[PDB]
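>>> coordinates for the following, if possible.
(4 chains, ligands or ions: 3)
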Amino acid sequence: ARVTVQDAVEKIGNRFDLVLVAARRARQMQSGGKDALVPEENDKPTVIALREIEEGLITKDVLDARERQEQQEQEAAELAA
Amino acid sequence: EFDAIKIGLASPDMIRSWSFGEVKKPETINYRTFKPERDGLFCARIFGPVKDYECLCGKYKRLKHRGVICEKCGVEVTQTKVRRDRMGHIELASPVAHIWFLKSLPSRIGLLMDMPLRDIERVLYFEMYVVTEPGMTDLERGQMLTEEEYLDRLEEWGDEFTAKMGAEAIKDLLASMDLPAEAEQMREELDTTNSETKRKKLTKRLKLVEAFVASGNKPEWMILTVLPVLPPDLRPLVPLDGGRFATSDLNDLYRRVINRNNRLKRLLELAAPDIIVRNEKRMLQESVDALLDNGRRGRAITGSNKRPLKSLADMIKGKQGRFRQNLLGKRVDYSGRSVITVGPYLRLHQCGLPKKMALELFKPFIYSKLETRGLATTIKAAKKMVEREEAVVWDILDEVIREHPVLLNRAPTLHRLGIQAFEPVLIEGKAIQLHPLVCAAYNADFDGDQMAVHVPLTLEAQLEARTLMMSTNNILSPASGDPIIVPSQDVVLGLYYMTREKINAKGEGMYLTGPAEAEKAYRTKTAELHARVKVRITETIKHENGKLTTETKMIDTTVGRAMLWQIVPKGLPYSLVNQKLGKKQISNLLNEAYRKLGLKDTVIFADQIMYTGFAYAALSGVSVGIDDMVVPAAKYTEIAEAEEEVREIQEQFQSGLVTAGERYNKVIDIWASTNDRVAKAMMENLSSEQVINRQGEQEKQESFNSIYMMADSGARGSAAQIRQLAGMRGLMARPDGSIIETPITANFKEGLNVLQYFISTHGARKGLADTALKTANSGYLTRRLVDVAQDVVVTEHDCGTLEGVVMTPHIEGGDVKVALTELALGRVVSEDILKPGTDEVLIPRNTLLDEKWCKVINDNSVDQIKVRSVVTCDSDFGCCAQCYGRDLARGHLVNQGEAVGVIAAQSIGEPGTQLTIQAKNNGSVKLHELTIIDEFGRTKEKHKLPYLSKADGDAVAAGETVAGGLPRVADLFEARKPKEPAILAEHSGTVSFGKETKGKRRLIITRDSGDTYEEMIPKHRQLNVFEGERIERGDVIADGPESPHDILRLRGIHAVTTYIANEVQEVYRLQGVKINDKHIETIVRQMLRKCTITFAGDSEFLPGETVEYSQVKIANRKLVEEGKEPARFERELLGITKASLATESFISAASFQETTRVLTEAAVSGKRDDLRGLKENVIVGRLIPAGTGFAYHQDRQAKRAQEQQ
DNA sequence: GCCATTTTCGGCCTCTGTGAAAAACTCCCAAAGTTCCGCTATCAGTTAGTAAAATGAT
DNA sequence: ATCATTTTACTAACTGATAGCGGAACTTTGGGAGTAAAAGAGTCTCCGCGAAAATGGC
Ligand SMILES: [Mg+2]
Ligand SMILES: [Zn+2]
Ligand SMILES: [Zn+2]
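Numbers count the residues shown, from 1 in each chain, chains lettered A, B, ... in the order given. Ligands and ions are numbered 1, 2, ... in the order given. Sure, structure below:
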C-alpha cells in the first residue's frame, strides 16, 4: 500500500508523464505476463508500478528500450523459424 | 479516424446521395398492425427493418439471409440500428428559401444580391415580381415590378424579358450571378471609394463573395430543392404503457410539409388558377421554415398542446439543446449518490462508502473476481451469488476496492476541488462518510447535503485519480496557493482551548522534562491544561540550505502547548505552538509545515491536528448558555442619553434652526455612535475577567466565556454577531435602501418586539433574494470566462522572449495595500534584479521567485522588478512554462499540458457568490505625482498631484503637511463602454480652440509635424486642457471613467492589462478574497487575440479586416524570412463573449451560444474545424490536448507533418 | 453619425405521464384477411437386419 | 498369437406427428364518387421581463 504520490513525481518530474508510464507498466503486469520487480505485498498493479517508479527501476527509457528489444527479438525469432 | 470537421452548403445531388429513398406519403404506421407504411415517414424499405435480421413480410427472419432484399417488400435484412443512420429526401414541387440564409441577420441572400430583405421577402411572399433576364430591354436585373406594372410591360415587350415570383426567381437570380465579375467590380469600386459606410457595406459583400468563390459552394444552393429527412429512430414514434403513443414534433412538421407538397403537385396537375397555386407555394415555404426554425418567420405553429412545436434548430440549440445537455454534459454509468455524514476517524485520503452502494457500483469487478478464484463457474452463477449477498461476496468486494480510487463530487462544482479522489472504506449504513478537512474544499455542511460518486474503470483513469485528483495532493488552493485543508470549528476551538493560559492554575510553576511528562501530569490530574510551566523542549530547525540543527532548552509555556508540540513534526520552531492558536495560527502552522517539510509530513500533521482538536474540544465541555450573553450595564444609560438628545434636536427642528435632512443625518450619526459605544462596552466586558494569582492580588485575565472563545478563536462568529446577541442590533434599512431613524435598541437575549422583527425581516428577505440572483449571475460569468479561456494550455517550456511586465508594491495612499513579495511569489524574472545603487546581479534571469528569494528581495529592499507574464508571451498557441510561472496548486513550475485557462476562469468565478496631503513616513519626496520614499529606497507613499511645502528631493519628516462588485467584474471582463467616457488625447501636440459649432464643440491639436487633428467634444465637459499647452499622448482631456479600448489604443497592452487587473483585484480585495493576478492576465490575453490590419503589405490581408494575431505573427515571420514587406496591425480589445464567439473553431462557438449565426457563417464560408481545443475534443469524444492527452496529441501532429512531407 | 426595432441571454443537484371541445351519410367495387383442405418436407421414436470392429478367452 | 462373441457402424422400413406452402371461397375492410333551396372575409387572446448588442432607415 502507498499514499501521497511524491517520490514518484520527484523521480519523473511531470505528473502526467508519470501517470502514462505507470499505466503502461500496470498494463504490462496485468494484461501481459510481465512480473513485478518489487515484492507485491498484496498490491494492485497501479500501486506496484508506482512503487517501481519510486525505486527508480521503471522509467520511460527502460520501457521503450525493452519494448524495442522485444520487437528485435521477435523479428530474429521469426527469421529463425 | 478523422482529423477535421468540414461544414458547408448541401447540394441537391449531395442530399440525394445521403438519402436511401424518397418519402412520398405522410403515413407513419398502420392503426391496426402498428407496422410501418410504404413510402412513409417510417418506411422500412427506405430506413431499414424494425426487427433485427427480419423483413416486414416475415419470409426472411434469420441471419443466413443478411444483406438480401426481400422481393415482396424491399426491406433489407440487416440490423435495426441502421434506422438511426439512414436518411430520406423529399422532392419539393417548388423551391423554398432556407430560413437561416434569409432571416438570420445579416441576410446572406440580400448581401449577395445587393437587395434589401424586405424586397426579397416580397418576392418570396408572392406580392411583386422581380426581373431575372432583362434581355434587350431597358429593364435592369433585380428591379421590382408590381403586378399591374408587370402586365403593362408584358403587353409591351412580350417574350423579350423574364420576370418571376417566389424562391424560383431568387434561385434564377443567384444562379445567373458571376462571382468573379462581382468581386472584380467591387474591388475596383472600393479602390475608388471615399465614404466609410459604403466602404463597410462593399467590404462585407466582398468578404462574402470571396468566401463563396474559395469554398466552392454555389449561391443557388441557398434555395432548397430537395429536403432531407431525419432517420426515424431520431424522431421516434414508440408505444407507451396503456396503448398510448409518444411522438416527436418533427413528425408533425414533416407531415405538414409532405401534405402541402403533394397538394401543390396535385394543383399543378389540375391546371389550377394562379392564386391557389401561389397560396399553396406560400404554405409550402411556411411549412419548410417552421420545420427548420419555428417562430423565426412569424407566428409559431402550435400543436394540440397550445404550445409551439420543436424544430431542428431548437433541437440543436439552447440550454436544453444537444450541445449543452448531451455533448458537453452526460449522465454516466458506474455512478451513485448519497447523503454525507462526518467521519472523524478517517484519513485524508479515505472516504466512507456504504457496502450495498459499493456492491452495486463494483458489480462487474465482483463478477470477475468471483470467476477468477473459481467460486462461480459462469457469470449467471456470479450474478446469483451477488444477488443473494453471501459472505464470500463481501470478502470479494473488500478485495476489489482495496486500492481502487473513487471519485466524490458535490454540486455545484465551482472549482476543481469540488471533485476529488478517495480510497473507499466499507461502512455499515447508507450515508457517505466524508473527512472534515475537505469540507471547506467541497463547501459542504452536514445539513442534508448529497454527494455523487464515480468509479474510474481503466488503469489510466485509476492512476489519474491516484496521482492528480487524490485529496492528499490537493491541499493548496489553485486560486491563491494558500492551504485549503485548514481546520475549522471544533478543531480550531480545541486547539485554542488547549493552548490558552490561565492565572494561578493547578500545577503552576512546575518543571517538566518534556511533552511526555506534561501529558502524564495532565492525565494524573496534577496540572491543568492552562498551567504555566517550564518545559524542556528539543527543537530541530531545518534551514534553507538543508542544515538540521537540534537545540534542547527550557521554555516557559503551558501544559497544553507541550502536549500539542508532541504531534508537531520535526523541523519547525516551538514559537509556532507557544501561543494561543486561532484559525490564523493553525493555518500558519500548516503552511510552514508544507513550505519546510513537504506533503506527506503536512498530511500527517493535519490529521493529527484534527484528531487532537476534536479530542480536546470534546474534553473542554464548551457550552452556550443564557448567562454567557452578558449585556453591559452601560447600554441602558447610552440609550437613554441618545433618546434624550434626540428629543432635544426634535425641539430644535420645531424651532426651524435646522432642516429635516440635517436632523435625519445627525440622528443616524448619533445612533451609529451609540451602537459603536455599546459594542465597545460589551466587548470590553466580555473579553476580560479578574482573577486571584499566587501572591493573592487581583490580576487581569482574558475571559473564558464560551461565546468570546468561539469568536476570538475564529472557529465561528465575529464581533458583529456578538454585538447583535448582547449589544444592539443597530440601524436597519427600508426595502428601497433608506435607513430608518429609530434603530433596534434590543438584542436577541432580551428579545425584539413586533416592529423590530418586521424591520429585521425587511433586510433578511433582501439578503436571501440577493443571494439567489447573484448565484445565477456568478454562474453565467464563470461560464463565459471558461468558454473564453478554455484554449489556453501550456505548450512549451520557454518561448525565448525578452518582454515582460513591471511589478511594484501596490500603494493606495500612505500605506501599502499588498507587498511586492506577494505579487512576485512564483514569477520568473525577466531582467536581472540589480541591487539598488550597485551593479551586482542579485537575482539572475529565468529564476523562479520562491520564499527564499522573496526573503532575499525583502532584506535587500528592492522596489521595482520585472517579471514575465502570460500576456507578453511569444508562444504561437497557448503559453509557455516560464511566462506563466509557479502553479499555485503544486508549488513548482507549471508542467506541460496544464489547462491554465480553465483554472484561471474557475478561480475568478468561484468567489462570485461572496461578492456583493500630510506625510505619514520619514524620507524624501520625488515627483514624476507625489511619492515619498524611505531612506532604504522603498517607495512608501503615493499621492495624486492636482493642478507644496517641499521641492523635489527635499527630505520630509514625519507629520509634515506637504499639501456593486459582481456587475463591475462583469463589465470589466466584457470591455463595456462607460456611459460618459473620458475624452483622451488621440495624438501628441499643442491644444487649440476652434469653431464652436452648434450642438457640440470642436477642438484642434497641432502635432510636431504641424498636422492639425480635429476632435469632436460635447458641450457639457469640464475641460482640463488649455491652449498653448503641448499635451502628451494618453493625457486626460475630460475627466471621467476610462474606456479600456481607449487605454489599449493610446497607451498599450501593458496599460490595459494593469487597469483591468487593478480594478478586478480592487473589487475582490474589498471583500477580502485573495486571487492571483496571473489568472486575470490569462483572461486579458484571451481578450487581446484579434488585430485589425492597418497596412496590408504583400501578405494576404485586406485593410479594415479583423484577423487573429497569431496568424499575422506567423505570416510576418515568414515574410521577413522571405525579405518581403511585413504587415502592420492594430490590436483590438474584445469582451469575453465576443472573443468566445470569434474563435477559429465553429464547434466551440456553436456550443457556447448563438448556434444559428455561427452555423450559418460557417456554412456560407465553408469553415474547417481542426479540433485544437478542449471543447471540440470533448464533444467528439477524443482526448483533450491538456495533461495526459497532451503528449498523445503532440505525437499525432508530428506524424501529420512527417506524412505531409 | 443617430434612432428604432430585432435578437439573445439569464447557476448546479434531486423528484416528476399528459389532456380533457369540436357535428354526415350512401352506394359500389376490389383487395386484404380468416379459415379450411390438400400436398409435401422434416423429424422424433422404434424395430429389424447385415456386415464388421472390439474385445475376452484360450 | 488366434478364435468366437458382443457391440458398433450402417441400411431399410413403418408410425405418428407437425409445421409450411399453395389454392378456393367467404367475410371484412378500405378507397372512391356523389349529395342540386341557399348557404357566398379568421383568428382571438395577450400585454405583469430587463439589459446589452447587432442590424436597417434617415
Ligand atoms: Mg447544506
Ligand atoms: Zn419481405
Ligand atoms: Zn512565454
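>>> pull the longest helix from chain B.
helix B:754-789 (DSSP state H).
>>> spit out the contact partners of the nearest residue to residue B:916 once chain neighbours are set aside.
Using Cβ to Cβ, 6 or more residues apart in numbering or on different chains and skipping residues adjacent in sequence, the residue nearest residue B:916 is residue B:965, 4.7 Å away. Every residue, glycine included, has its C-beta placed from N, CA and C. Contacts for residue B:965 were tallied using Cβ atoms under 8 Å, 6 or more residues apart in numbering or on different chains; they are B:915-916, B:1067-1068, B:1070-1071.
>>> make it 7 Å
Counting by Cβ atoms under 7 Å, 6 or more residues apart in numbering or on different chains, residue B:965 makes contact with B:915-916, B:1067, B:1070-1071.
>>> that's a strand at residue B:421, yeah?
Yes - counting by DSSP: H, G, I helix; E, B strand; the rest coil, residue B:421 is part of a strand.
>>> tell me what the strand or helix carrying residue B:563 is packed against?
In this structure, residue B:563 sits in helix B:559-565 according to DSSP states H and E. Contacts defined by 3 or more Cβ pairs under 7 Å, 6 or more residues apart in numbering or on different chains; DSSP states H and E place helix B:559-565 against helix B:490-498, helix B:515-523, strand B:532-542.
>>> how about residues contacting the second one?
So the one you mean is helix B:515-523. B:507, B:512, B:527, B:529, B:535, B:559, B:562-563, B:565-566.
>>> just give me the residue closest to the centre of chain A.
residue A:25 (3.0 Å; Cα atoms, centre = their mean).
>>> so the helix ranked longest in chain A, near chain B or not?
Ranked by residue count and defined by DSSP H, the top helix of chain A is helix A:60-80. No - Helix A:60-80 is not in contact with chain B by Cβ under 7 Å from any Cβ of the partner chain; minimum separation 10.2 Å.
>>> so which bits of that helix are buried?
Buried positions in helix A:60-80, judged by neighbour count with 16 or more other Cβ atoms under 10 Å in any protein chain shown: none.
>>> ok, back up a step: the following helix or strand past the longest helix of chain B near chain A anywhere?
Using DSSP H and E, the next helix or strand after helix B:754-789 towards the C-terminus is strand B:794-796. No - using Cβ under 7 Å from any Cβ, strand B:794-796 stays clear of chain A, with a minimum separation of 11.1 Å.
>>> tell me which strands strand B:794-796 pairs with, and in which orientation.
Under the criterion DSSP bridges, strand B:794-796 sits next to strand B:879-880 (parallel) in its sheet.
>>> following the strand it pairs with, which helix or strand comes up?
Counting by DSSP H and E, the next helix or strand C-terminal to strand B:879-880 is helix B:881-884.
>>> what's in contact with that following helix?
B:794, B:797-799, B:828, B:846, B:868-870, B:872-873, B:893-894, B:896, B:900, B:1078.
>>> and the buried ones among those residues, selectable in ChimeraX?
Burial among those is assessed by 16+ other Cβ under 10 Å; the matching ChimeraX selection reads:
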select /B:794,799,828,868,869,870,872,873,893,894,896,900,1078
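>>> so of the contacts of helix B:881-884, which ones are in helices?
B:900, B:1078.
>>> and the contacts of helix B:881-884 near ligand 1, which?
For ligand 1, no contacts are drawn from the contacts of helix B:881-884 by Cβ under 5 Å from the ion.
>>> which two of the contacts of helix B:881-884 have the greatest separation?
Greatest spacing in the contacts of helix B:881-884, by Cβ to Cβ: B:872 and B:896 (19.8 Å).
>>> for burial, what's the neighbour tally of residue B:447?
Residue B:447: 6 surrounding residues under other Cβ atoms under 10 Å in any protein chain shown.
>>> who touches it in this structure?
Per Cβ under 7 Å, 6+ apart, neighbours of residue B:447: none.
>>> for my notes, confirm it occurs in a helix.
No - using three-state DSSP, the assignment for residue B:447 is coil, not a helix.
>>> just the buried ones from the contacts of residue B:965, in PyMOL syntax?
Here is the PyMOL command that picks out the buried ones among the contacts of residue B:965, judged by 16+ other Cβ under 10 Å:
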select buried, chain B and resi 915+1067
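>>> narrow the contacts of residue B:965 to those in helices?
Checked against DSSP H, these include these in helices: B:1067, B:1070.
>>> residue B:984 pairs with what?
Going by DSSP bridges, residue B:984 is paired in beta bridges with residue B:1036.
>>> how many neighbours does the closest residue to ligand 3 within the stretch 251-400 of chain B have?
Going by Cβ to the ion, ligand 3 is nearest to residue B:328 of the stretch 251-400 of chain B, at 29.9 Å. As a burial measure, residue B:328 scores 13 neighbours (other Cβ under 10 Å).
>>> touching, it and residue B:1180? I think so.
No - contact between residue B:328 and residue B:1180 fails when scored by Cβ atoms under 7 Å: they sit 11.6 Å apart.
>>> who's in contact with stretch B:732-743?
Residues from elsewhere that reach stretch B:732-743 (Cβ under 7 Å, 6+ apart): B:664, B:667-668, B:671, B:728, B:730-731, B:744, B:759-760, B:762-763, B:766.
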